[PDB]
Structures are given as C-alpha cells and as structure tokens.
Protein chains: 2
Amino acid sequence: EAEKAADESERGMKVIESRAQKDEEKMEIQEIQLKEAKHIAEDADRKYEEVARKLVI
Amino acid sequence: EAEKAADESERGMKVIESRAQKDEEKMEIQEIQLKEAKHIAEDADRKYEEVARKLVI
C-alpha cells in the first residue's frame, strides 16, 4: 500500500514541477517583453518632448 | 523507507505548489504592465507623428 501511495505522489510531484518550470520560463519571456516595452516608451517620450520644444522655438 | 519517501514527496509538493502560485502571479502582473506599456507606446507614437507634421508646417 505504501509503495503505491509513494509512486502516485512521485508522479504528481514530477508533473506539477514540470508545468511550474515551463510557466516560469514563459514568465521570464514576458518580463523581457515588458522591459522592451519600457525602453520603447521612454524613447518615444523623449522624442515627443524634444519635437514639441523645437516646434515652440 | 516508505515513510521517508512520503515525507520528502510531501515537502517537494509543497515547495512546487508555492513556486507555481508565485509564477502565476508574476505572469499576471507582467501581462498587465505589458499591455499598459504598449498602449502608452501607441499614444506616444501618435503624438510624435502629429507634432512632427505640425513642426514641418
């Protein structure tokens, strides 16, 4: 009985760990995309303010 | 042997569940901030285009 319980717990542990690792990898990719979005936002903001100042002059 | 295996399996399942929930939260917040940043980027690009045209005029 104990052997059966241990094997079932082992299988559940392995599958849940695999799914967690894959979702963690995708989360890392999402963070990379967020960083790129941050950079794009900052660059565009600088563009806009510079152009507005030049237009005023 | 079975007792020790069961204890280790329980601890591993606990830690994997905690890490999985952490990953889900990180994925959610990453997606939210990503969408907000993309919308801000769209707004900035539109403003840049409009002010550039006015500047040429």
# chains A, B, ... in the order shown; residues from 1 in each chain; ligands from 1

$ interface_residues --of "chain B" --to "chain A" --cutoff "7 Å" --atoms "only C-alpha atoms" --output "PDB file with N, CA and C atoms, in the first residue's frame"
ATOM      1  N   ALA B   2       9.495   3.724   3.033  1.00  0.00           N
ATOM      2  CA  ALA B   2       8.276   4.335   2.513  1.00  0.00           C
ATOM      3  C   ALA B   2       7.923   5.606   3.272  1.00  0.00           C
ATOM      4  N   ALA B   5      10.256   8.374   2.066  1.00  0.00           N
ATOM      5  CA  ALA B   5       9.882   8.784   0.716  1.00  0.00           C
ATOM      6  C   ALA B   5       8.621   9.638   0.729  1.00  0.00           C
ATOM      7  N   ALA B   6       7.632   9.250   1.536  1.00  0.00           N
ATOM      8  CA  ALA B   6       6.393  10.017   1.622  1.00  0.00           C
ATOM      9  C   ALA B   6       6.650  11.416   2.167  1.00  0.00           C
ATOM     10  N   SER B   9       8.314  13.489  -0.519  1.00  0.00           N
ATOM     11  CA  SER B   9       7.352  13.811  -1.562  1.00  0.00           C
ATOM     12  C   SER B   9       6.411  14.930  -1.124  1.00  0.00           C
ATOM     13  N   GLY B  12       8.329  18.243  -1.230  1.00  0.00           N
ATOM     14  CA  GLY B  12       8.518  18.677  -2.602  1.00  0.00           C
ATOM     15  C   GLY B  12       7.241  19.204  -3.225  1.00  0.00           C
ATOM     16  N   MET B  13       6.116  18.537  -2.959  1.00  0.00           N
ATOM     17  CA  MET B  13       4.845  19.012  -3.490  1.00  0.00           C
ATOM     18  C   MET B  13       4.504  20.390  -2.934  1.00  0.00           C
ATOM     19  N   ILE B  16       6.802  22.998  -4.672  1.00  0.00           N
ATOM     20  CA  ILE B  16       6.434  23.178  -6.073  1.00  0.00           C
ATOM     21  C   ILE B  16       5.138  23.967  -6.193  1.00  0.00           C
ATOM     22  N   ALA B  20       4.743  27.500  -8.066  1.00  0.00           N
ATOM     23  CA  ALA B  20       3.779  27.618  -9.155  1.00  0.00           C
ATOM     24  C   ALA B  20       2.855  28.808  -8.951  1.00  0.00           C
ATOM     25  N   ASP B  23       4.696  31.918  -9.707  1.00  0.00           N
ATOM     26  CA  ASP B  23       4.833  32.094 -11.148  1.00  0.00           C
ATOM     27  C   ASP B  23       3.547  32.616 -11.774  1.00  0.00           C
ATOM     28  N   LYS B  26       3.274  36.286 -11.035  1.00  0.00           N
ATOM     29  CA  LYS B  26       4.233  37.043 -11.833  1.00  0.00           C
ATOM     30  C   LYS B  26       3.768  37.164 -13.280  1.00  0.00           C
ATOM     31  N   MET B  27       3.236  36.079 -13.845  1.00  0.00           N
ATOM     32  CA  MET B  27       2.732  36.124 -15.213  1.00  0.00           C
ATOM     33  C   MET B  27       1.590  37.122 -15.352  1.00  0.00           C
ATOM     34  N   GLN B  30       2.935  40.721 -15.062  1.00  0.00           N
ATOM     35  CA  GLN B  30       3.711  41.022 -16.259  1.00  0.00           C
ATOM     36  C   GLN B  30       2.800  41.337 -17.437  1.00  0.00           C
ATOM     37  N   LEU B  34       2.573  44.921 -19.252  1.00  0.00           N
ATOM     38  CA  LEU B  34       2.909  44.878 -20.668  1.00  0.00           C
ATOM     39  C   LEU B  34       1.841  45.569 -21.509  1.00  0.00           C
ATOM     40  N   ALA B  37       1.912  49.351 -20.943  1.00  0.00           N
ATOM     41  CA  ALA B  37       3.056  49.964 -21.603  1.00  0.00           C
ATOM     42  C   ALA B  37       2.861  50.034 -23.111  1.00  0.00           C
ATOM     43  N   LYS B  38       2.286  48.988 -23.712  1.00  0.00           N
ATOM     44  CA  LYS B  38       2.053  49.017 -25.153  1.00  0.00           C
ATOM     45  C   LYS B  38       1.073  50.125 -25.528  1.00  0.00           C
ATOM     46  N   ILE B  40       0.575  52.922 -23.840  1.00  0.00           N
ATOM     47  CA  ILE B  40       1.301  54.180 -23.689  1.00  0.00           C
ATOM     48  C   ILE B  40       2.211  54.422 -24.886  1.00  0.00           C
ATOM     49  N   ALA B  41       2.850  53.360 -25.386  1.00  0.00           N
ATOM     50  CA  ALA B  41       3.717  53.490 -26.550  1.00  0.00           C
ATOM     51  C   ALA B  41       2.936  53.931 -27.780  1.00  0.00           C
ATOM     52  N   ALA B  44       2.223  57.611 -27.437  1.00  0.00           N
ATOM     53  CA  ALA B  44       3.415  58.419 -27.662  1.00  0.00           C
ATOM     54  C   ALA B  44       3.752  58.512 -29.144  1.00  0.00           C
ATOM     55  N   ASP B  45       3.657  57.392 -29.865  1.00  0.00           N
ATOM     56  CA  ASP B  45       3.942  57.411 -31.298  1.00  0.00           C
ATOM     57  C   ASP B  45       2.972  58.323 -32.038  1.00  0.00           C
ATOM     58  N   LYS B  47       1.298  60.924 -30.834  1.00  0.00           N
ATOM     59  CA  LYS B  47       1.630  62.307 -30.508  1.00  0.00           C
ATOM     60  C   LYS B  47       2.858  62.774 -31.274  1.00  0.00           C
ATOM     61  N   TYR B  48       3.875  61.916 -31.361  1.00  0.00           N
ATOM     62  CA  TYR B  48       5.095  62.257 -32.087  1.00  0.00           C
ATOM     63  C   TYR B  48       4.796  62.560 -33.548  1.00  0.00           C
ATOM     64  N   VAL B  51       2.858  66.016 -33.877  1.00  0.00           N
ATOM     65  CA  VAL B  51       3.678  67.193 -33.627  1.00  0.00           C
ATOM     66  C   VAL B  51       4.749  67.345 -34.701  1.00  0.00           C
ATOM     67  N   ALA B  52       5.267  66.239 -35.246  1.00  0.00           N
ATOM     68  CA  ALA B  52       6.241  66.342 -36.326  1.00  0.00           C
ATOM     69  C   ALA B  52       5.633  66.993 -37.561  1.00  0.00           C
ATOM     70  N   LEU B  55       5.278  70.620 -36.943  1.00  0.00           N
ATOM     71  CA  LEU B  55       6.588  71.262 -36.971  1.00  0.00           C
ATOM     72  C   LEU B  55       7.037  71.543 -38.397  1.00  0.00           C
TER      73      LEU B  55
END

$ calpha_fit_and_write --fixed "chain A" --moving "chain B" --output "mmCIF file with C-alpha atoms, in the first residue's frame"
data_model
loop_
_atom_site.group_PDB
_atom_site.id
_atom_site.type_symbol
_atom_site.label_atom_id
_atom_site.label_comp_id
_atom_site.auth_asym_id
_atom_site.auth_seq_id
_atom_site.Cartn_x
_atom_site.Cartn_y
_atom_site.Cartn_z
ATOM 1 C CA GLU B 1 -1.407 1.221 0.290
ATOM 2 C CA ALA B 2 2.241 2.288 0.203
ATOM 3 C CA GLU B 3 2.560 1.291 -3.460
ATOM 4 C CA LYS B 4 -0.448 3.396 -4.463
ATOM 5 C CA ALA B 5 0.759 6.361 -2.407
ATOM 6 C CA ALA B 6 4.208 6.159 -4.011
ATOM 7 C CA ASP B 7 2.738 6.056 -7.522
ATOM 8 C CA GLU B 8 0.529 9.082 -6.882
ATOM 9 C CA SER B 9 3.437 10.974 -5.309
ATOM 10 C CA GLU B 10 5.625 10.262 -8.347
ATOM 11 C CA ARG B 11 2.953 11.498 -10.752
ATOM 12 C CA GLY B 12 2.362 14.642 -8.700
ATOM 13 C CA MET B 13 6.076 15.396 -8.552
ATOM 14 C CA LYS B 14 6.294 15.019 -12.337
ATOM 15 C CA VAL B 15 3.407 17.393 -13.014
ATOM 16 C CA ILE B 16 4.648 19.956 -10.484
ATOM 17 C CA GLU B 17 8.135 19.936 -12.015
ATOM 18 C CA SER B 18 6.692 20.452 -15.500
ATOM 19 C CA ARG B 19 4.535 23.353 -14.310
ATOM 20 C CA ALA B 20 7.486 24.890 -12.449
ATOM 21 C CA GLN B 21 9.709 24.838 -15.540
ATOM 22 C CA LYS B 22 6.880 26.355 -17.587
ATOM 23 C CA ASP B 23 6.566 29.116 -14.981
ATOM 24 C CA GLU B 24 10.306 29.838 -15.041
ATOM 25 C CA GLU B 25 10.284 30.178 -18.829
ATOM 26 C CA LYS B 26 7.237 32.460 -18.681
ATOM 27 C CA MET B 27 8.896 34.650 -16.040
ATOM 28 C CA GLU B 28 12.070 34.974 -18.118
ATOM 29 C CA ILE B 29 10.279 35.921 -21.339
ATOM 30 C CA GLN B 30 8.007 38.334 -19.458
ATOM 31 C CA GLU B 31 11.005 40.108 -17.933
ATOM 32 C CA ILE B 32 12.753 40.358 -21.314
ATOM 33 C CA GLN B 33 9.754 41.828 -23.119
ATOM 34 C CA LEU B 34 9.055 44.111 -20.150
ATOM 35 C CA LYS B 35 12.535 45.640 -20.261
ATOM 36 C CA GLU B 36 12.394 46.077 -24.038
ATOM 37 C CA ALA B 37 8.994 47.773 -23.805
ATOM 38 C CA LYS B 38 10.164 50.108 -21.034
ATOM 39 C CA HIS B 39 13.149 51.203 -23.132
ATOM 40 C CA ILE B 40 10.882 51.800 -26.132
ATOM 41 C CA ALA B 41 8.605 53.870 -23.888
ATOM 42 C CA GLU B 42 11.542 56.001 -22.743
ATOM 43 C CA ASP B 43 12.551 56.606 -26.359
ATOM 44 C CA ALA B 44 8.999 57.567 -27.323
ATOM 45 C CA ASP B 45 8.645 60.008 -24.419
ATOM 46 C CA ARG B 46 11.958 61.679 -25.291
ATOM 47 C CA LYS B 47 10.952 62.033 -28.949
ATOM 48 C CA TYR B 48 7.569 63.459 -27.937
ATOM 49 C CA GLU B 49 9.179 66.093 -25.714
ATOM 50 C CA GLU B 50 11.668 67.184 -28.383
ATOM 51 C CA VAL B 51 9.098 67.462 -31.159
ATOM 52 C CA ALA B 52 6.664 69.314 -28.872
ATOM 53 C CA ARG B 53 9.293 71.953 -28.096
ATOM 54 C CA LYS B 54 10.116 72.338 -31.789
ATOM 55 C CA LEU B 55 6.388 72.652 -32.550
ATOM 56 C CA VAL B 56 5.974 75.499 -30.063
ATOM 57 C CA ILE B 57 8.944 77.267 -31.667
#
